[PDB]
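Notes for the one structure printed next.
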Amino acid sequence: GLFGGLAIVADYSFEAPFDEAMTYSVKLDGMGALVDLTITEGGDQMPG
Amino acid sequence: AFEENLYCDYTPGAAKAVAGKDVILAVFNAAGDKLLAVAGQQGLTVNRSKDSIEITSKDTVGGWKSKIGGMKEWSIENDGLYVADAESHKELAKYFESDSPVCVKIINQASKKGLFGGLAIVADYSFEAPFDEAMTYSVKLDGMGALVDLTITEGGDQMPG
Amino acid sequence: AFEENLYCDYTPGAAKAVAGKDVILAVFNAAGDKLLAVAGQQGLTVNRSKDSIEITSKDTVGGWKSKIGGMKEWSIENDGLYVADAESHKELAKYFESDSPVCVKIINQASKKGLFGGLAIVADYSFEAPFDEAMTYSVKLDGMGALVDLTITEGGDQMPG
Amino acid sequence: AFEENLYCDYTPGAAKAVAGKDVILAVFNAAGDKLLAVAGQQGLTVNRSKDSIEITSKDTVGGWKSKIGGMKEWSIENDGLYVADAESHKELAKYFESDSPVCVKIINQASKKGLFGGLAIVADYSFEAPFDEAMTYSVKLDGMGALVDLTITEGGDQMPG
């Protein structure tokens with residue numbers, strides 16, 4: 115793991131041109147602190 | 002499509018891609034009985050943003066700012082080829098002139114599932130006519146309230162016809 | 002074969018060459034139950050390429066830039082004689098008309114071994130009819146994904162029937 | 002063709018080759034009542050191509066990029082001897098001047114079968130006059146839309162005259 119934290123979904127937008135595939139873009143602002151997992155133990159749980 | 006799908010994995014598990022041309026924007030006419038897809042669509046943008054307000058104070062510990070979520074907005078931008086005789090364009094012009102809310106819906110033609118639905122106002126309706134290209138329209142509608150997300154809500158699968 | 006093979010040797014250790022006429026391209030039909038060899042092929046080309054990403058930095062020493070591997074893709078180009086009544090050509094036309102990703106494979110008729118196989122789209126399908134020779138057809142297919150190499154993979158040896 | 006045809010096989014199984022003599026390009030006149038072939042044809046090419054959309058992301062695995070089919074387009078190139086007094090060339094010139102779409106088709110005049118047909122625009126109409134040989138012409142037609150395939154669809158077997 116590299117980073118972790120608690121965020122709010124500030125932006126969640128979509129695009130769909132007629133030449134390409136439908137795309138999404140999400141932007142999350144920080145709630146409080148972001149823990150940098152590269153300089154601490156733990157936080158190595160892979161998705162699944 | 003055989004040899005036990007040794008190389009050509011024909012098994013469908015997920016679309017994992019949606020063509021842009023399959024997602025369209027439609028509006029409800031003045032009576033609302035008919036759904037009309039605006040003619041000559043070539044682009045579509047759906048914006049959904051939420052404001053964040055800072056609640057930092059002297060008792061905040063950790064050296065990181067504190068924020069919380071707030072209000073939400075949504076707006077839709079569409080554009081493409083413009084033909085004045087199209088029924089959908091006439092409906093859009095009537096909505097713009099009469100200053101009335103318009104019911105809009107973003108749907109997926111291929112998957113036969115609706116995506117988003119809302120009530121908006123025609124904020125912008127502009128046209129451009131370059132001499133070496135085709136005349137084009139661009140419309141922008143910002144919603145006057147909630148935008149129901151039909152992906153996580155059952156129903157809302159009606160389509161133009 | 003004898004005189005202790007003093008002048009001519011007959012020991013099979015390898016072939017040292019594979020005649021191009023012995024290797025052809027085959028396509029699975031719409032249901033994929035049959036494998037059809039394309040009619041009247043004359044030339045075949047299989048292209049496989051992998052992108053390279055440059056990672057040179059100020060920490061790099063020795064005076065040589067540093068590169069790493071990246072994404073890889075593949076395509077197949079096949080040309081030959083064209084007959085409109087061939088079953089393989091009819092299936093290719095049906096595939097081209099209606100999207101319909103195609104499961105193709107390169108195999109060796111003489112060695113009875115399959116070489117490559119995978120899914121692809123019919124990107125190009127063109128014809129030429131000069132007045133001094135017979136009609137020629139050309140087809141170009143780009144891979145949707147992995148192209149399984151049957152030379153180093155066990156299995157994949159079904160032949161057209 | 003007897004003694005069990007031990008050396009002379011006359012059984013017709015397939016043409017296996019179509020000479021360029023039998024393949025011609027024909028166009029419909031302004032009224033469309035009479036279809037006529039282009040005078041002095043010498044060479045013909047038909048190009049049909051499909052776009053590929055890359056959909057590679059961080060979710061794909063195996064080291065191969067992912068692509069899907071896209072749009073379609075087609076064109077026809079035809080070169081040969083120019084006879085300015087020919088009715089076919091007069092019709093082509095009228096179409097080029099009046100910028101009206103032209104209906105064209107490809108005919109296998111020997112097998113009495115049609116191959117392709119559709120609407121097109123005359124993008125190029127050029128003539129070269131070397132002092133050694135005859136003065137020639139070249140025409141390029143771009144498709145306005147669908148180029149239907151007569152080899153897999155019934156009908157489309159009308160002939161010039």
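Protein chains in written order, with the UniProt record's numbering: chain U, 115 to 162; chain H, 2 to 162; chain B, 2 to 162; chain D, 2 to 162. No residue lacks a Cβ here, since even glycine has one placed at the ideal position from N, Cα and C.
Find the residues of chain B that neighbour residue i, judging by a C-beta separation of less than 8 Å, and give them in chain order.
i       : result
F117(H) : None at all; the shortest Cβ gap to chain B is about 27 Å.
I153(D) : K91, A94, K95, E98
For residue i, does the three-state DSSP call read helix, strand or coil?
i       : result
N30(H)  : coil
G118(H) : strand
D23(H)  : helix
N6(H)   : coil
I107(D) : strand
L151(U) : helix
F132(D) : coil
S127(B) : strand
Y138(H) : strand
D143(U) : strand
Kindly list, in the order they appear in chain B, the residues whose Cβ is closer than 7 Å to that of residue i.
i      : result
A2(H)  : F29, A32, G33, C104
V24(D) : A130, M136
Please compile the residues from chain U whose C-beta is within a distance smaller than 9 Å of the C-beta of residue i.
i      : result
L45(H) : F128, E129, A130, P131, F132, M136
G21(H) : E129, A130, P131, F132, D133, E134, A135, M136, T137
Output, in chain order, the set of chain D residues within a Cβ distance shorter than 9 Å of residue i.
i      : result
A18(H) : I54, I56, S58, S67, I69
Cβ closer than 9 Å: which chain B residues qualify as neighbours of residue i?
i      : result
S50(D) : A124, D125, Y126, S127, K141
Could one say the Cβ of residue i lies closer than 9 Å to chain H's Cβ atoms, at least one of them?
i       : result
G157(U) : no
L93(B)  : no
Residues of chain H with CB under 7 Å from residue i, in chain order?
i     : result
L7(B) : Within chain H, no residue comes near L7(B); the closest Cβ sits about 47 Å away, beyond 7 Å.
Interface residues of chain H around residue i at Cβ under 8 Å?
i       : result
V149(B) : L7, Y8
For a contact meaning CB atoms closer than 8 Å, what does residue i contact in chain U?
i       : result
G144(H) : The contacting residues do not exist; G144(H) stays about 14 Å from chain U at best.
Check whether the Cβ of residue i lies closer than 9 Å to any Cβ atom in chain U.
i      : result
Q42(H) : yes
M72(D) : yes
Closer than 9 Å by beta-carbon distance: list the chain H residues that pair up with residue i, in chain order.
i       : result
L120(B) : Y8, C9, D10, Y11
Indicate whether at least one CB of chain B lies closer than 9 Å to the CB of residue i.
i       : result
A87(D)  : no
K114(D) : yes
Can you pull the chain D neighbours of residue i, defined as C-beta to C-beta under 8 Å?
i      : result
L36(B) : Those within 8 Å of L36(B) in chain D number zero; the least Cβ separation is about 19 Å.
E78(B) : Chain D residues near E78(B): none, gap ~13 Å exceeds 8 Å.
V39(B) : Correct list: empty, because the minimum Cβ distance to chain D is about 13 Å.
Give the residues of chain C in contact with residue i, contact being defined as C-beta atoms less than 9 Å apart.
i      : result
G14(H) : This model lacks chain C altogether, as its protein chains are U, H, B and D.
Contact criterion: CB-CB distance below 9 Å. Does residue i meet it with respect to chain D?
i      : result
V62(B) : no
Which chain D residues sit within Cβ distance under 7 Å of residue i?
i      : result
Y83(B) : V19
Meets three-Cβ-pair contact criterion under 8 Å: the segment 91-98 of chain D and the segment 146-154 of chain D: no
Continuous beta strand (DSSP E) assignments of at least 3 residues falling wholly in the segment 33-101 of chain B: 36-38, 42-55, 68-82
Stretch pair the segment 42-53 of chain H + the segment 72-91 of chain H: three plus CB contacts closer than 8 Å: yes
Cβ contact (3+ pairs, closer than 8 Å) linking the segment 7-18 of chain D and the segment 27-44 of chain D: no
Validate contact between the segment 36-48 of chain D and the segment 33-47 of chain B using beta carbons, cut 8 Å, 3 pairs: no
Three or more C-beta pairs below 8 Å linking the segment 132-152 of chain H and the segment 79-88 of chain H: yes
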